[PDB]
Amino acid sequence: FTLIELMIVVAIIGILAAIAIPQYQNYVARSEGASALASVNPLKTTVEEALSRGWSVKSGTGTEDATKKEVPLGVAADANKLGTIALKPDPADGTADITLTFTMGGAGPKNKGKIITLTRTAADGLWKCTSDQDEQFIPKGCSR
Amino acid sequence: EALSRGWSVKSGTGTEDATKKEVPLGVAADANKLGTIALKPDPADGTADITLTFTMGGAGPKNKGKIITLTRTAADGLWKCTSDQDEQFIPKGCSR
Amino acid sequence: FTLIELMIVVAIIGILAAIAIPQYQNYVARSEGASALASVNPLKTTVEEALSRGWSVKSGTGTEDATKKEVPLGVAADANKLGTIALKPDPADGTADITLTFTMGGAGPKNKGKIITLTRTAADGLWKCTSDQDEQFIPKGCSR
Amino acid sequence: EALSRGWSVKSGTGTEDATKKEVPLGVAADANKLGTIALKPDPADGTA
Amino acid sequence: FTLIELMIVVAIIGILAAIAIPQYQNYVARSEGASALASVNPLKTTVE
Amino acid sequence: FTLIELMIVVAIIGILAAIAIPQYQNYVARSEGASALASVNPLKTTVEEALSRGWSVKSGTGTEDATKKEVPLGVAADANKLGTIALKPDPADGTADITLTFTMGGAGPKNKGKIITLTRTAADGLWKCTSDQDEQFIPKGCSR
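If you check the header, you'll see the entry was determined by cryo-EM and the resolution is listed as 8 Å.

(A) Just a nonpolar patch on the surface, in detail. Taken together, the side chains of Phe1(A), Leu3(A), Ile4(A) and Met7(A) present a nonpolar region at the surface, about 510 Å² in accessible area. With respect to the secondary-structure elements, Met7(A) resides in helix α1 (residues 2-15).

(B) View of the interface of chain E and chain C. Every contact between the two is made by 11 residues of chain E and, on the other side, 21 residues of chain C. Between chain E and chain C, a total of about 1,200 Å² is buried, with carbon and sulfur atoms accounting for 62% of that surface. Among the residues chain E hides against chain C, the three largest losses belong to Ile15(E), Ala17(E) and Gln23(E). Together they make up 40% of the total. At the boundary of chain E and chain C, one finds one salt bridge. Our count for the contact surface shared by chain E and chain C stands at four residue pairs in polar contact. When residues of the side of chain E that touches chain C are traced back to their parent elements, those giving at least two are α1 (2-15) and α2 (24-47) of chain E. Of the residues assigned to the side of chain E that touches chain C, the class counts are eight nonpolar, one polar and two charged.

(C) Structural context of unusual backbone geometry. Going from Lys88(F) to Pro89(F), the amide bond is cis rather than trans, its omega being -10°. Cis geometry marks the peptide bond from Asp90(F) to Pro91(F); its omega dihedral reads 0°. Among the structural elements, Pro91(F) can be located in the loop between β1 (84-88) and β2 (99-103). The phi torsion at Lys69(C) lies on the positive side, around 50°, for a residue other than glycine. Looking at the element boundaries, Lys69(C) is found in the loop between α2 (24-51) and β1 (84-88).

(D) Expanded view of the UniProt feature "transmembrane region" in chain E. Residues annotated by UniProt as "transmembrane region" correspond here to residues 1-21 of chain E. Split by type, residues 1-21 of chain E is 67% helix and 0% strand. Its first and last C-alpha atoms lie 38 Å apart.

Conventions used here
Residues numbered from 1 in each chain as written, not as in the entry; some residues may be left out. Chains lettered and ligands numbered in written order. Part of a larger assembly, values for the part shown. Heavy atoms only, no water. Patch = residues over 30% accessible without salt bridge, like charges linked within 9 Å, V, L, I, M, F, W, Y side chains within 5 Å. Areas by Shrake-Rupley, 256 points an atom, 1.4 Å probe, with all protein chains shown as cover. Salt bridge = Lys/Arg side-chain N within 4 Å of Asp/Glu carboxyl O. Helix = DSSP H or I, 4+ residues; strand = E, 2+ residues; numbered from the N terminus. Contact = heavy atoms within 4.5 Å. Buried area = accessible area lost by both parts, 1.4 Å probe. Polar contact = N/O pair within 3.5 Å; in protein donor to acceptor, adjacent residues only side chain to side chain. Nonpolar A, V, L, I, M, F, W, Y, C, P; charged D, E, K, R; others polar. UniProt positions renumbered as here; feature names shortened; annotations may be inferred.

Shown next, in the form of structure tokens:
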């Protein structure tokens, strides 16, 4: 008589039908990549901030290096625990094509280190805001 | 679970291997005394097509070892949840 | 003849093989800790909100204390029923290293009071956003 | 169940001890007349 | 066994703890008022 | 006995009660339209920038066309990946009623190409800043 109680239970084991959503990890990946751009976007604005004043820009925080022809980026590299930012050259003198990495170190297996780096022009500033990811992954926003 | 976090997965239990890019499966292989589970590769890094055996060792003469193994895709995760049994026997649910 | 009907039933008792998932309670714990950060995160932004205006910040809600060099935090301490927030010093004048506790009072046995507190710098604002939890538990996001 | 909520667990039944950091086991020890159950420690705080 | 899956979900419903920021509408209001001055300020300068 | 375990599960399937928020896509649409104005708004200011100097304005970036009675708009048309800007006439000589399109190409199905274009007067400059969207969608800010 228990066989029928099990008939439902055989079913119950069966019915579950939306389990493995892997590329959940890959909209997660898009979140991690675009939101990896979120980490750096005011630092575009920061390189251009103090360079647009008359002042270079280091990576790190603090008061202004305001006797030093320098200012902070006002960032800790892993502000975003997906990974790390890296100013290049650091401090950004602006006449250099400054570069703002963002590595996706602390990331899923599907962005396990897919860097998103930015790079300005010295006279023209526009950050070459780019990614290492797949079209299914890209930071939508900046160029891929 | 843990691959979808950023963490690999071993077979066995315990606290998280949370300094280790690893987590338990949180299972003893013969959780089900019909037989045993086997993670493959173990620990599951996820970029591998992870496989979750279940052997039916401690089973009747009519399932005396008819394994039921699962295997995911690395990018697409869906467990190739399959069995060694006859149509009269099958695990109804996953594919046979 | 019933012995065989029981043979399945002996089995049926047996087969259940995923029961005690304890550290379910510990991803619950991670949820409770990170989502304990969710409770406070716009209050970072709030201490810095009115301090970044010219106005101090109390804990609690209400209209602005806008004749008072003060504003609310706009929070009830247990906005998150995992536990309670505590501004320190309250009202946050900003020139103090303001601190935003979050206690995990109303929490599981595995976060039964594991506080997550934040603390800014007066000149540099960045919340020392920290937790009392184990690596298996941590609020992923802020530092542990 | 209740440890996974935030609540300890006594042996016995009843409403939840839901102001008490406690819940029943929802069992009478000899639910099975083969003999008796015994929670230990009772109430189960789970950290035990 | 599903009860525990729900235990988190009961929590999940709970944890959201910064929802109703009304006087968001009132810094919005300050923005709308000061930035309502922004609309007119060169028209001071224009009358003059 | 399992039937009751399923009773909750039948419920659990049921209770989810805020799923299809479509016109989420339509505040997204408002965001995409107004924030489509954000893309162009300093280019109003740019057409008027160099025309208000004595210099025409091309679309694109670069140094000033400062031997050429010309300047850049200082924009790449899809600065905003919702779509593209288009100067018209390009280069903007100003005595023409200059026009600054913004197409919403890279947009949702509910703004899949709903352009937002601007057009100045030659003597009176004011950009006919307009949209193709529905009242539920409009770029709030400029006229619809």
